[PDB]
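Heads up, what comes next is one protein chain in two forms, each shown on its own as C-alpha cells, labelled structure 1 and structure 2.
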Structure 1
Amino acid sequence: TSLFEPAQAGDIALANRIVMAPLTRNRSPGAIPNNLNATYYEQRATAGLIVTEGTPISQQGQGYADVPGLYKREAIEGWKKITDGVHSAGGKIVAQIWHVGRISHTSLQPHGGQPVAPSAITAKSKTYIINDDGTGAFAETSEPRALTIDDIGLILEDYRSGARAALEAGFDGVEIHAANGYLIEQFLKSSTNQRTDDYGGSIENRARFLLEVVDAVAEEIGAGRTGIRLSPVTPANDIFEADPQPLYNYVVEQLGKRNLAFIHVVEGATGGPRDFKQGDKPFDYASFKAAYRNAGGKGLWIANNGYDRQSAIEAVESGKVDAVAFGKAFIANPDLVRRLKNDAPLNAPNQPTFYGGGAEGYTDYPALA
C-alpha cells in the first residue's frame, strides 16, 4: 500500500492517504465560517481527507475566541460554502466536533457561566478571549463546575444535533474530538475525573461518556460517517493519566465493535516528542492498534504527530498505519500532496501567525508553480 493511493474510511472514499489534521486558527469571528475560511480549505482540497479545525457543538463547548461552531444557522451556511468548495475540487472533509469542557472562560460561556467538566478541578491552562470593548486578551481558564447526570444528557443531545448540523452543512462525516485534554478526555483520564458515580472510578466507567458520545453520533449520522481522535499520552491542557495502556486498549476494543469509519491517533505529546510518556511504562501503539483490530475494528487507522515524507511513506507501506495526518506541514503547504508526490521542498510554517489575524500566514502560503 502506498501513501498516494486511495483508501476507504467507512462510507467515505479517499483519493489518497494524506490527511489534513485538525488545526484551530481562530479566524471565524462570531463562530461563523467566512469567505477567507473557504479559501483556506479550498486551497488544501487535494488532501485525501480534511479534518476541520475543532468546531464546537454548542456555545458551552467553546473554549477560545473566533472559533467556528455548528450551533448557529449562519455557521451551518458558512460551512456549506466550505464543503461545497472542497467537494468541487474533488476532496472530502469531516467536521471535528468539539466540546472543550473545563478549557474555557466565563466570557465565552452562556450566561457567563462556569465551564463544565466531570469534576470541578481548574486547569492550569490559557485561552484566548474577547473583552467587552472588543479587545483580545489571553486569560487563564476559568474555574469549572462538575456536570450532573442531567447535564450529561443535555450534552449528548448537543452531540446529536451537532452531528446532524454537520451533515446539513455538507460534511462527509465527523471526527469526534476525544483528544488533547478536552471534555471526553477529562472523563477518560484519572487526573480530571474524581467522580463517584457511573462515570468515574473504573476504566469502564471512565470510558462510558466517550462511548455514549460515539453511539449518539453514530445513531444520528451512521457509524460509517463517524470517526474519533484519541491521544493516549499527551500532556495537553494540564491532563495526566498514569496507566494509559489498559484504559486505551479497553476504549478501542469497544470502538472495534462499532463499525466506525476511522480512528485518528496522536502518537506522543501533541506537537512534541513521539516517545513521550507520563507514567512509568512506555505506551505500546502496536498493542493499542491490535486491540482495535482484534475486536473486529475495520476503520481506517490514521496516525499523526511528527511525521515527515519518508516516515509517512514507510509507515503506510509497512502496514503500521493506513494514512498519515499532517498538521503544521498543511498550514504552510496548501499543495502538500503534490509536493510529497514529487519530493519537492516544503514551505516552513510561521508560528506567530498560527492563531488569529487574517490572510497573512493563512491563505498566502504559496503553492508550487
Structure 2
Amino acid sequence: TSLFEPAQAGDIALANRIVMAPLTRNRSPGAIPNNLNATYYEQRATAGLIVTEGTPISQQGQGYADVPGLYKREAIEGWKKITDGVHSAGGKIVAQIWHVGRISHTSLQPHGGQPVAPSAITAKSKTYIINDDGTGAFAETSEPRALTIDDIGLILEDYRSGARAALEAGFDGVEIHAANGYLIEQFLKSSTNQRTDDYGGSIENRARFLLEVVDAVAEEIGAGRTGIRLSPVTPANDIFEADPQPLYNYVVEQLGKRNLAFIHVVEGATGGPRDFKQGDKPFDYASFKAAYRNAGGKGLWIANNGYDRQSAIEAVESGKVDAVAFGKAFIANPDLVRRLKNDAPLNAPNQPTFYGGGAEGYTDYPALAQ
C-alpha cells in the first residue's frame, strides 16, 4: 500500500493516506471561523483528510482563547465556508469535536465558572488567554468542579448537538477528541479520575464516558462518519496512567464493535518521543491495534507523532498503519502531499507563530512552484 493511494474511512472516501493532524491555532476570535481560517484550510485541501483544530462542542468545553467552536450559529456559518472551500479544492474534512474538561480558565467559562472534570483535581497546566488589556497568556488552569451525573447527561447532549452542527456545517464527519489529557481522557486515566460512582474505578467504568460519547455521536451522524483520537501514554496536560495496556485494549475492543470510520492514534508523548511510557511497562501498539481488529474493528487506522516521509511510507507499505497524520509539517507545508510525492524539500515550522496572531506563520508558508 502506498502513502499516496486512496483509502476509505467508513463512509468517507480519501484521495490519499496523508492526513492533516488537528492543530489548535487560536485564530478565531469569538469562537467563529473567519475568512483567513478558510484560506488556511483551503491551502491544505490536497491532504487525503483534514482533521480540524480542536473545536469545542460548547463554551464549557473551551480551554483556550480565540478557538472556533460549533455552538454559535455564526460559527456554523463560518465553518460552512471552510468545508465548501476544502471540498471545491478536492478535499475531505472532519471536525475534531472537543471538550477540554479541567484544562480551562474561569474567564473562558460560561458564568465565569469552574472548568468541569470527573474529579476536582487541578491540572498543573497553562492556558492561552488574551490579556483583557493586551495580549496573550499565560494563566494557570483553574480549579475544576467534579461533574454530577446530571452534568454528564448535559455534556452528552452537547456532543449530540456538536455532531449535528458539524454535519450542518458541511463536514464529512467528526473526530471525537479523546486524547491529550482532555475531558474524555480525564475520565479514562487514573490520575484524573477518583470517582466512586459508575464512572470511576474499574476499566469498564472509566471507559464508560468515552463509549457513551461515541454512541451518542454515532447515533446522531452515523458510525460511518464518526472517528476518535486516542493517546495511550501522552503526558500532555499533567495526566498519568500507570497501566494503559489493559485500559486501552478494552477501549478498542469496545470501539471494534461500533462500525466507526477511523481510529486516530497518537503514538508516544504528543510532540515528544514515540517510545515514551509512564508506567513500568512499554505500551505495545501492535497489541493495541490487534485488540481493535480482533473485535471486528474495520475503521481506518490513522497513526500520528514524529513521522516523516520515510517512516510514513514504510509504515503504510508494511500495513502497520493505514494512513499517517502529520502535525507540524502541515503547519509549514500547505502542499505537503505534493512535496512528499516528489521528495522535495520542506519549509521549517516556526514555533513562535503556532498560536495566535495573524497570517504570518499561518497562511504565508509558500507552496512549491507550478
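Residue indices: 1-based, along structure 1. Only the largest set of C-alpha atoms that superpose within 1.5 Å between the two forms is called the rigid core. Residues that one form lacks are left out of the comparison.
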Q: Kindly specify the one residue in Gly153, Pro282, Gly136, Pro246 whose Cα moves by 2 Å or more between the two structures, with superposition done on the rigid core.
A: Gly136
Q) In Å, how large is the C-alpha displacement of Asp84 between the two structures after the rigid core is aligned? A) 0.1
(Q) With the rigid core superposed, where do three or more consecutive residues all shift their C-alphas by 2 angstroms or more between the two structures? (A) 130-137
